[PDB]
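A.B. asks: Okay, here's the structure, questions in a sec.
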Amino acid sequence: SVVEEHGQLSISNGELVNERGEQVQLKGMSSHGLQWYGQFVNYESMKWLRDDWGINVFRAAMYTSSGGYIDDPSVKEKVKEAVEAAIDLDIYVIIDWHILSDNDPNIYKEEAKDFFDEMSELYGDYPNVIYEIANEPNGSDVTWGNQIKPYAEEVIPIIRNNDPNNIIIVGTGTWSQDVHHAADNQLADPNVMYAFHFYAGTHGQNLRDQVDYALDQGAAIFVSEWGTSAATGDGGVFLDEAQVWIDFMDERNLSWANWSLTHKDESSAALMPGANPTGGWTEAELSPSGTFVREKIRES
């Protein structure tokens, strides 16, 4: 129903819109690393998220390093499984080239190009796909102008040769926080968005104001990863500040994916150790974070 109704997404005046030009807001879940917790990514778990949580997007977090794709490329086939499940479920899907310790996207740029060529050739004639080309550039030696923007200007043409206009999400500096610099030096492609990531354990008032600065430059922002925890993914759940962010995203019509769908014993994990990898969770099988996120998507 979702993808049939909204169909082809695009950016108009800095906003995510559907094929009839109406604003649309995506809300869903990210997997954790597909090399560690891939068992939670399958048609049945995604169907349960769609029907019980109300998700309309799912993010496949394919780590590049940390035992991910560069070390063992077999994980690309789990991405394919997730994309095909989203197509069958009629929801959107984010293909996330999940850089992190490999903090400069240029480190594995050749592999990224080849990977995005393959994925855009396979799936580029579906409206479901959103390409996230560099999860979290980070480090003081990785800047928008010098590192990230030129990387995107190599990867985006590869995608565009196969898929002229599905959304592309481009990471920003300082773990996808520095939307100010991107918004002042935007990419040319009209269907680009810039990633902004937050963690509710950080006091967020200035980060909200920086998001607003970026939006005021006409840049489109996708909150492609956020957590209820601290920036490590652990250290408590911070629901008061999470709710502030939720309300801010709704007011600004910002799409989002929560980190993350796993039973790992960390505060940002949505599931408890028990939880069936094929869905059907009881309340007891959701973590404090997962219960909250589920409520947010259901109330939407």
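A.B. asks: Among residues belonging to the stretch 114-140 that are in a loop (DSSP other than H, G, I, E, B) and charged (D, E, K, R), point out the one that is nearest to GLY67 (Cα to Cα).
C.D. replies: Of everything passing the filter in the stretch 114-140, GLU136 is nearest to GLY67 (Cα to Cα).
A.B. asks: When residues of the stretch 239-288 are filtered for being within 22 Å of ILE94 (Cα to Cα) and hydroxyl-bearing (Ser, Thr, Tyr), how many remain?
C.D. replies: So the answer is 5.
A.B. asks: As an exercise: evaluate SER140 against (1) surrounded by fewer than 17 Cβ atoms within 10 Å (Cβ to Cβ); (2) of a type in the set (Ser, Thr, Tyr); (3) within 27 Å of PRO277 (Cα to Cα) and give the number of the one condition it does not meet.
C.D. replies: Of (1) surrounded by fewer than 17 Cβ atoms within 10 Å (Cβ to Cβ); (2) of a type in the set (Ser, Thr, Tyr); (3) within 27 Å of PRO277 (Cα to Cα), only one is false for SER140: (3).
A.B. asks: Also, I was wondering about something else. Could you say which residue among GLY14, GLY67 is over 17 Å from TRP256 (Cβ atoms) and either polar (S, T, N, Q) or surrounded by fewer than 23 Cβ atoms within 10 Å (Cβ to Cβ) (or both)?
C.D. replies: Answer to the check: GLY67.
A.B. asks: When only residues in the stretch 157-196 that are within 17 Å of the chain's Cα centre (by Cα) and assigned to a helix (DSSP H, G or I) count, which is surrounded by the fewest Cβ atoms within 10 Å (Cβ to Cβ)?
C.D. replies: Here the answer is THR174.
For (1) in contact with a strand residue (DSSP E or B) (Cβ under 7 Å, 6 or more places away or on another chain); (2) closer than 17 Å to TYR199 by Cα, each residue gets a yes or a no:
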position	(1), (2)
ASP247	no, yes
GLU251	no, no
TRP256	yes, yes
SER260	yes, yes
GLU266	no, yes
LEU271	yes, no
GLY274	no, no
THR282	no, no
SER287	yes, yes
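Read the figures in this text as sums done on the coordinates, not as results from a lab. Backbone-built Cβ (ideal geometry, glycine too); neighbour counts: all protein chains shown.
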